[PDB]
Amino acid sequence: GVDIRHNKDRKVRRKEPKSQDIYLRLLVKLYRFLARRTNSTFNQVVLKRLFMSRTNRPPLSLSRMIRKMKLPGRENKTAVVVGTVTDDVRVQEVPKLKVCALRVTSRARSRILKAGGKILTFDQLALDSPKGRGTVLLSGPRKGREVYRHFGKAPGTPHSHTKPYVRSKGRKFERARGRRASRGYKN
Amino acid sequence: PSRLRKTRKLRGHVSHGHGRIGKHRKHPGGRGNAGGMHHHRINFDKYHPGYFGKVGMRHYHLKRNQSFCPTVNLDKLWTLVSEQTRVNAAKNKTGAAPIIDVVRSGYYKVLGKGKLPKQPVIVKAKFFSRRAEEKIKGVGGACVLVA
Amino acid sequence: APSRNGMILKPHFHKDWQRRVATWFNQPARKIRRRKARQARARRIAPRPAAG
Amino acid sequence: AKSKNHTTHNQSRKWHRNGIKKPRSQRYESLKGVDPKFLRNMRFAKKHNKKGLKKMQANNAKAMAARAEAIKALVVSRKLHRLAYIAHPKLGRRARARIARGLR
Amino acid sequence: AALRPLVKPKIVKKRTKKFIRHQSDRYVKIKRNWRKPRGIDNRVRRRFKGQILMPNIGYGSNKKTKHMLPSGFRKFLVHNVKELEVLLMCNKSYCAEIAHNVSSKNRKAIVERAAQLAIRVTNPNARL
RNA sequence: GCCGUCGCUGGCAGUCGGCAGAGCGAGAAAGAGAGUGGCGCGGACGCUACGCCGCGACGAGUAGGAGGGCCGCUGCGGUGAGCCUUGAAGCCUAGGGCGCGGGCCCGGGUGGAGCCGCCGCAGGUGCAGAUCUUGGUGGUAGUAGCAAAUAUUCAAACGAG
RNA sequence: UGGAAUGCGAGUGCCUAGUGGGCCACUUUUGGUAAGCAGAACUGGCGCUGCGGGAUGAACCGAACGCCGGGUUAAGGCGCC
Ligand SMILES: [Mg+2]
Ligand SMILES: [Mg+2]
Ligand SMILES: [Mg+2]
Ligand SMILES: [Mg+2]
Ligand SMILES: [Mg+2]
Ligand SMILES: [Mg+2]
Ligand SMILES: [Mg+2]
Ligand SMILES: [Mg+2]
Ligand SMILES: [Mg+2]
Ligand SMILES: [Mg+2]
Ligand SMILES: [Mg+2]
Ligand SMILES: [Mg+2]
Ligand SMILES: [Mg+2]
Ligand SMILES: [Mg+2]
Ligand SMILES: [Mg+2]
Ligand SMILES: [Mg+2]
Ligand SMILES: [Mg+2]
Ligand SMILES: [Mg+2]
Ligand SMILES: [Mg+2]
Ligand SMILES: [Mg+2]
Ligand SMILES: [Mg+2]
Ligand SMILES: [Mg+2]
Ligand SMILES: [Mg+2]
Ligand SMILES: [Mg+2]
Ligand SMILES: [Mg+2]
Ligand SMILES: [Mg+2]
């Protein structure tokens, strides 16, 4: 007998996409090869994000892509997101962008192209940037989901700003006892 | 579908996933929200603060149409008109400002979140926030109150 | 019994609700019946406007 | 009937399954709970930091010039050692050629 | 004089007896089909010495000789002549078994064609 | 030695062939680099990439969780130019086998009219128990027993008795 | 000169079942004449666990378990069984 624990032997991590999409799996075949046969860590990161689930691939808005592609030294670099590029109506002017994405919404496509930009697919990124050179890999906000408002210390604990689960919002819905000192206590 | 669910995997396993000791009994703890001020108090206090008690005034015969007031922030203001409306106004030299009628778009109050483009505009609305009025005035616009 | 975090729910199923379940399997049949009566009414009152 | 009352038996075994972890440490600790009067001034100190921005630029550039100026003005066995040298893929590259030339 | 396979390695079986179910010798209502004993006190489940044995992945067969017939081939059920021709290019590793519900008339053709293609048939002499 | 699990988030798209040139496992970064001046017609296998291959460690399990089932049952959409009176289902079998197993294949017999594989869909889908339901059958067992109220016998007849 | 040794990849988040009768031993220890009694601390067990030894045995001693061949052992043994 060997003195060892086995509860952590199996690592919980995706080796492939749960999706049965045949176009996504053709891109995984592509980047499985590039990640294996090139020393480029960029390929490994993209291969990993192709396995990732829907909530681990948040959409990247147009306004946020412009901000991150406007930092100094990022001129003529292709912005890359393994996800969806959504349009942002709060933007007034779109610059000339070169972007690679899994999906670009219909209105984001017109605005990027109308500014003189180029929209790639990941099979076109490989031919243009086999090792990922001259790229800017970008991610959407992962905690930008309604669930993360409900996580943390339970709402009924001191200095807990977690959001409760209420069927309705209003004066009659979880506001008397425990939420104001006038009714029992507050914390 | 039933073929993908636990029951098919729990065939032959005596207790069916509920244990040999505690068993699956009918209603231990009570039905529904029983015990909220009692044997279930920690769960309610921990996760539903405010649940018990009363706060604030009653209102009989509430009519939610009377308080109808959709709001729009300034950062979405120019989406209510066409794209050519903004560019034509931006490039024109006479200085004419376009009229944006938020009530026609279905909004009543205008709110101040956001920054406007450097472009005069005339905004019609039932209500304005203080900061919305100043931001509209900072670009050379004018606020118009409708009823 | 409540279990960890969740919503407090009050389903209104404390009466004999199964004695008063209204299904909608006759919905296509109603749509055909109402349509067949609009047409038969339009023919009857023609050339007066079918809408009314 | 009567039952057992209390025990901590088996409890340290449970606590150590996922380890008794020490509290997490971050380089910046929150200012919660510090003296309100002290904190009020620390916010006033931070608020007006930009007043002396130009002086810092002047002093920093002055210091850099002086710092650069001074710097610019300022600036086992013989057999086993020989063999370890020859076996070195780079250093012994020419020593190895001499043996090969000698051998032929 | 029968067709021979490309190789005939020794077939090693870890176990040749069947795993008979617990207490299935004592009752007729208990069939010998294996059922994993799950009673609390069950001494077979606890692997007491001298008791009925339990199947576990350790008894698994060598992958190289798994599903291999004693002749060295591997069977493949066929229902007609057309299904038989899939074994044209693997006639040295896979033999043909004709399904039970193929009439005596059709067995003659499947057996006749298999001989032409050098495919071995496990049950060629049936329904004559 | 073999089986599986886990790890290396390991290797393989280079099957780059006569429009040829076979290598990149080796102690120690980065090119089997490119140029400018001083006869035969030949060469195994592979790669369902959800595939295939290598190396190392590991393997107890109630309650309980999860995965994988080319495990099994009934029906529905597709498909198998599927099977079948030259014999379906079902059933039986000291016949031959396969799989760790759930199970399955084939042979022989009986049977007499329908049935199955594969990709998907669906579920009233898997029994040893519940003093479980209904039906059937045992040992007990040719056993307990055919004992309350006094009682029968002779001859003949019919009749197979 | 990543400022003791040694070993080891870590951090983090959601959802979550069963459990919430325990019992035993070395040592410490309360009540009790004591109890295979009742009640605590520490660690380890049995419970959930087979296997060699203690003839037999939940807990003792050795040792923890995929299916095998060879070798060698532990605790225990070597008149015969
Ligand atoms: Mg082991
Ligand atoms: Mg384990
Ligand atoms: Mg685990
Ligand atoms: Mg279990
Ligand atoms: Mg359960
Ligand atoms: Mg039970
Ligand atoms: Mg319970
Ligand atoms: Mg209990
Ligand atoms: Mg229940
Ligand atoms: Mg519960
Ligand atoms: Mg207790
Ligand atoms: Mg037990
Ligand atoms: Mg195990
Ligand atoms: Mg028999
Ligand atoms: Mg008939
Ligand atoms: Mg049904
Ligand atoms: Mg049954
Ligand atoms: Mg039964
Ligand atoms: Mg008698
Ligand atoms: Mg005690
Ligand atoms: Mg128990
Ligand atoms: Mg344990
Ligand atoms: Mg043990
Ligand atoms: Mg003894
Ligand atoms: Mg041995
Ligand atoms: Mg002895």
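Just the heavy atoms: all of them, side chains too, but no hydrogens, waters or symmetry mates, feed the values below. Below, chain A is the first sequence line, B the second, and so on; all start at residue 1.
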Kindly say whether [N] and [M] qualify as a Watson-Crick or G-U pair under the rule that both distances are below 3.5 angstrom.
N: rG4(F); M: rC58(F); result: yes
N: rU85(F); M: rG95(F); result: no
N: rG62(G); M: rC51(G); result: yes

- Note on the structure: salt bridge (charged side-chain N to carboxylate O under 4.0 Å, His left out) pairs touching residues 135-155 of chain A, sequence neighbours excluded, are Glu146(A)-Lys163(A)
- Scan residues 112-128 of chain E for pairs that pass salt bridge (charged side-chain N to carboxylate O under 4.0 Å, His left out), counting only residues two or more places apart or in two chains. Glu85(E)-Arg113(E)
- Task: Could you state the atom-to-atom distance from CD of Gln11(D) to P of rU43(G) in whole Å?
- Result: 10 Å
Touch class at under 4.0 angstrom, heavy-atom based, for [X] against every strand present:
X: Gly12(B); answer: nothing
X: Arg8(B); answer: base
X: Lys143(A); answer: nothing
X: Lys9(B); answer: base
X: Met68(E); answer: sugar-phosphate
X: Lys17(E); answer: nothing
X: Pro1(B); answer: sugar-phosphate

Which parts of [range] get close to RNA chain G, meaning a heavy atom less than 4.0 angstrom away?
range: residues 144-161 of chain A; result: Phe151(A), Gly152(A)
range: residues 25-48 of chain B; result: none
range: residues 11-33 of chain A; result: none

- Item | Classified sugar conformation, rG102(F), by whichever sign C1'-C2'-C3'-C4' takes | north
- Task: Assign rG21(G) to north (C3'-endo side) or south (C2'-endo side) according to its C1'-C2'-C3'-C4' torsion.
- Result: south
- With sequence neighbours left out, which residue pairs that include part of residues 8-20 of chain B fulfil the side-chain hydrogen bond (donor to acceptor under 3.5 Å, both in side chains) condition? none
- Query: What side-chain hydrogen bond (donor to acceptor under 3.5 Å, both in side chains) pairs are there with at least one residue in residues 9-23 of chain E, not counting sequence neighbours?
  - Reply: none
- Message: Walk me through whether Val46(A) and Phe122(A) qualify under side-chain contact (heavy atoms from CB on, under 4.5 Å).
- Response: CA-CA 10 Å; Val46(A) 158; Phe122(A) 272 91; 3.9 Å; yes
Side-chain N or O of [X] less than 4.0 angstrom from OP1 or OP2 on [N]?
X: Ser103(E); N: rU86(F); answer: no
X: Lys90(D); N: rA29(F); answer: yes
X: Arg13(D); N: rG44(G); answer: yes
X: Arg46(E); N: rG50(G); answer: yes
X: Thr8(D); N: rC42(G); answer: yes
X: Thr7(D); N: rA40(G); answer: no
X: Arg3(B); N: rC73(F); answer: no
X: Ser12(D); N: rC42(G); answer: no

- Expected string for nucleotides 53-64 of chain F under the B/S/- scheme (protein heavy atoms, under 4.0 Å, primed atoms plus P, OP1, OP2 as sugar-phosphate) is -----SBSSSSS
- Taking protein heavy atoms under 4.0 Å as touching, what does nucleotides 103-117 of chain F look like 5' to 3' if B marks base contact, S marks sugar-phosphate-only contact and - marks none? B-BSSS---------
With rounding to the closest Å, how many angstrom separate the [atom1] atoms on [N] and [M]?
N: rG1(F); M: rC8(F); atom1: P; result: 24 Å
N: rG112(F); M: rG90(F); atom1: P; result: 16 Å
N: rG56(F); M: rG18(F); atom1: P; result: 40 Å
N: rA30(F); M: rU36(F); atom1: P; result: 28 Å

Donor-acceptor contact present, side-chain [X] to main-chain [Y], <3.5 Å:
X: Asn43(A); Y: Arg36(A); value: no
X: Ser19(A); Y: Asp21(A); value: yes
X: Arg14(A); Y: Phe51(A); value: yes

- Message: Check this for me: does the side-chain of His9(D) come within 3.5 Å of the base of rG44(G) through a donor and an acceptor?
- Response: yes
- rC51(G) base to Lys49(E) side chain: any donor-acceptor pair below 3.5 Å? no
Protein-nucleotides 34-39 of chain G N/O pairs closer than 3.5 Å?
from, atom 1, to, atom 2, distance (Å)
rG39(G), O3', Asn5(D), ND2, 3.1

- Query: Residues in ring-ring contact (aromatic ring centres under 6.0 Å, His included) with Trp17(C), at least two apart?
  - Reply: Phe13(C)
Using atom types as modelled, flag every donor-acceptor pair under 3.5 Å from a side chain in residues 42-49 of chain B to any protein atom, sequence neighbours excluded.
from, atom 1, to, atom 2, distance (Å)
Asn43(B), ND2, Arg4(C), O, 3.4
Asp45(B), OD1, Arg177(A), NH1, 3.0
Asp45(B), OD2, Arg177(A), NH2, 3.1
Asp45(B), OD2, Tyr185(A), OH, 3.3
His48(B), NE2, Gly6(C), O, 2.8

- Query: When you check the side-chain N and O atoms of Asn56(A) and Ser53(A), is any donor under 3.5 Å from an acceptor?
  - Reply: yes
- Any side-chain donor paired with an acceptor under 3.5 Å for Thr121(A) and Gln124(A)? yes
- Item | Exercise: identify the closest heavy-atom pair between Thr65(E) and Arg74(E) | C-NH2, 3.8 Å
- Item | Shortest non-hydrogen contact between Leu3(E) and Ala118(E), atoms and distance | CD1-O, 3.5 Å
- Query: If you find the nucleotide of RNA chain F closest to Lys64(E) and the one closest to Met54(E), which residue's nucleotide is nearer the 5' end?
  - Reply: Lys64(E)
